[PDB]
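Just one chain is shown here, as structure tokens, and it is the form deposited in one PDB entry.
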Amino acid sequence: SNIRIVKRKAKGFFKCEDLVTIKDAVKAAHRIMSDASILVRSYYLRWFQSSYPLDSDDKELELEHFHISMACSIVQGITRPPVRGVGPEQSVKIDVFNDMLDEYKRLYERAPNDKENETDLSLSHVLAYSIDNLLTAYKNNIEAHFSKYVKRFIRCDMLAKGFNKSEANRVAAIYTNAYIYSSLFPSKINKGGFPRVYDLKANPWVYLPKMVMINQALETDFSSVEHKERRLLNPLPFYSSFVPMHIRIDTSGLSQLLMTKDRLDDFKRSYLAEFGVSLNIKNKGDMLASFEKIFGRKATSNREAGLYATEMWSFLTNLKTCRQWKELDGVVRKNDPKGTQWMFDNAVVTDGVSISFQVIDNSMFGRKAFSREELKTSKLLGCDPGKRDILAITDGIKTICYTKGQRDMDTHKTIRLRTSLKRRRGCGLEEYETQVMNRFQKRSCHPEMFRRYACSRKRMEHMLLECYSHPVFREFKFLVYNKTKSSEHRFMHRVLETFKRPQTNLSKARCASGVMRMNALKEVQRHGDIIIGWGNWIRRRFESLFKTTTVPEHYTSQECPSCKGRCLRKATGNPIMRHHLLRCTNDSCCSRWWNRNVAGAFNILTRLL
């Protein structure tokens, strides 16, 4: 959609007297969701043993908003049913609420207490987006990773059947593709006869029981197999990181937290004086009513209502007076053909240290209702992507690569590791975290194993949260975001200054054929006049200045520019089997020695030309 973000620091945006509440809210929200997520996961596994294989006479357990909302209430110590009024349809809520409450009494090894989980902020609206995000994560995990569970089970089933792991991939690969497009799948859902892969999107809750069983089978059925091959998956996501997470603040959410009667009454005077209209507000109860009730008549258009929302932010924040206002005041970017004008969307995502502003197109501002000839002159380049070496660009005579170490130095990986360990060791958490919680695997789907991790953490939860709340940890998150741009931008600049001029030598490379030299003599003065051949597999930022095209990667690691076939193979017959040394298999070759970076790039460039 037409929604974009501007990420900056939060200093100066919120007033000092209001910044205290925001920081407390971030900690309070994290604690509720982090503990609530564990409670929800524990309850599901209790019901998991109710039925497998799935019975045909009952429906599966499907989570909804009220499920998580009740979990949050239990964590905060609210033991009374949340049902408003009484009704036969609402009776189901009461039964579920008591069922989860009893689980809380057993998940933790001591009687619940109400005053140990005190909170004093109206986080009802803020937690709403977090609950939706958590439930969305459940759907995404189930609907987009089932095939990966199949691979793990099958590649362990082969080992259990006596096959050495050399043959496991031989059969597993075909089985996975064939079955997706043996007993790990449910009954066909779609009556239209579409392939089995389609059924995964029909309903995630049907496939969820299978994934849990796969985890239990990996832990019990395949216990004899090597633990390295049985690295556990996580069917049920939950918030684990102790670092406070970002929260979403809207016009309604901001109003609830930072508004009081003595402050709300001033809003009426300021609005009346500047606009000559008195708002229909008496107390905090009528603050967030509809526009028609507030002004007494229907708005002419959505934009009129939106302007009222912006004034709400203006009175409570320095939106129109802070440093960041420069980038939100109707900014138009120079090279947009449509000339889209952007303005603030009355929404903020922040974590106390960093703030992200939401900016939308001016054509939709308001309250939202629920619902090839250049190849002749262009200079060509070729590169083969990878992971040990991220990129390797060549012009046929010279090579440049974007090594992993380059980004590590740019992002200060070593310094960040040292600082984090030093701070943790000061509080004494190193001994407990490295020894106690290391053994207890949180990803385990066994009710016993998960309970032990949950209860062990509860004894050190308070210490852990305070230690990780230090701003140093949150500052590093901004640093990696900022420095990642610098590393890629510098490399892009280096590419231009390397191939911007003709090569000074045309004989160093023996394998350089006649075709290669033709593309090296052209001069190019602009980023957009360079075309880089790329593999099928950072590229998304490269395309912002450089033009790119796709070349097949098949057999590019063995083919040779000037040979009848794939003469290249990894070196063998030496004391040390090194990483990627390449050696030719026959004398009829231009170069008897090669490496993956040069070999792969040259073949791609040859195909490009």
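Note that the rigid core is defined as the largest set of C-alphas that superpose within 1.5 Å between two forms. Note that residue numbering begins at 1 and tracks the sequence as displayed.
- Coordinates are lacking for 10 or more deposited residues between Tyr181 and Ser182.
- Unmodelled stretch separating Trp537 from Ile538: 10 or more residues (count of deposited-sequence residues without coordinates).
Not pictured, yet referred to below: the form deposited in another entry.
- With the rigid core aligned between this form and the one not shown, the listed residues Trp325, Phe163, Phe478, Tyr129 include just one Cα displaced by at least 2 Å, namely that of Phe163.
- Here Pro195 counts as shifted, since its C-alpha moves by at least 2 Å between this form and the one not shown after the core is aligned.
- Here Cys590 counts as shifted, since its C-alpha moves by at least 2 Å between this form and the one not shown after the core is aligned.
- Core-superposed comparison between this form and the one not shown: the C-alpha position of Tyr52 differs by no less than 2 Å.
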